[PDB]
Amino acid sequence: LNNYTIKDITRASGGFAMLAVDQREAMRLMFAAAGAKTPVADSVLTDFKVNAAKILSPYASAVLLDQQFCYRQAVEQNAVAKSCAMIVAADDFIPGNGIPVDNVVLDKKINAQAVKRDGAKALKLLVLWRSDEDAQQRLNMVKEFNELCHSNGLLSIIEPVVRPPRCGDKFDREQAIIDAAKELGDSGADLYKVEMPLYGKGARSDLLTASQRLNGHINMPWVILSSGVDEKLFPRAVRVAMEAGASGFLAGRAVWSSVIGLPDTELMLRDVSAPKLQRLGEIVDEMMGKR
């Protein structure tokens, strides 16, 4: 049957506490930047990816994985905890202008029937937002992606991400975030995954105001991602976001990026990354309690 429910990727409290490890070339660069020998082999990425999944998934309500480096491997090695659900990335990242994801399309070599058969409950689509690029073209992609999910009994998660325009120098990140939300905040996906306004920096009140503003333009449950926010400021970001209407997080770097390049990865993941994710889940439970 093609019945799907948001309940399958939330905690008992109804909040979202989810782990993202689907980063690709972006992770190879992190490993390079931490002083791992180059060129960094693919097996280093899948090793770290499946380790992160097995050590951290006990603490997440879902985990987001990519076919390219660790989807096969995680099911093979039953790396995902029983209590944690599985999101599969359905975006094909295209490099350009010297960055690894300059453009994004829907991944055609994704078999939602296969993936559903392996216990997946949801797919995710990154959507690059540019002020001088066609909004209708974005919306179409999201629509195609929503059907791919829903017709297969899967949830639909979109991730609008704000980039400067192709021709021009007018780029106000904050406004762009809000403009993307106006556009895509009611596109009929099941979940909106969004950047944190002001990088979670500054004063709590200015943040609450910005997160409130944002929440106004999202007509579906939403969560914040950690990219851009310092890991120390992310716990607060989640509190403010949820006080403003957000229902949780879907975070990666703020959980495990600090550990890249250090000796004894499994121990590092256990002693450094795990207490952070644990705390974050405690926090969402606390905020759902306040509703």
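One-based numbering along the sequence shown.
Inset, instruction - Could you settle it for me: does 151 to 159 or 68 to 76 have the higher average Cα B factor in the PDB entry? - result: For C-alpha atoms only, the mean B-factor is higher in 68 to 76.
Inset, instruction - May I ask you to compare 93 to 101 and 78 to 86 by their mean CA B factor in the entry and name the higher one? - result: It is 78 to 86.
Legend entry - Third assignment of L208 from its chain's C-alpha B-factors: Middle third.
Inset, instruction - Can you work out whether the C-alpha temperature factor of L198 puts it in the lowest, middle or highest third of the chain? - result: Middle third of the chain for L198's C-alpha B-factor.
Legend entry - Record-listed C-alpha B factor of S13: chain third: As the PDB entry reports it, the C-alpha B-factor of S13 lands in the highest third of its chain.
Legend entry - Ranked against its chain, the third holding the CA B-factor of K124: Its C-alpha B-factor belongs to the lowest third of this chain's values.
Legend entry - Record-listed C-alpha B factor of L280: chain third: Lowest third.
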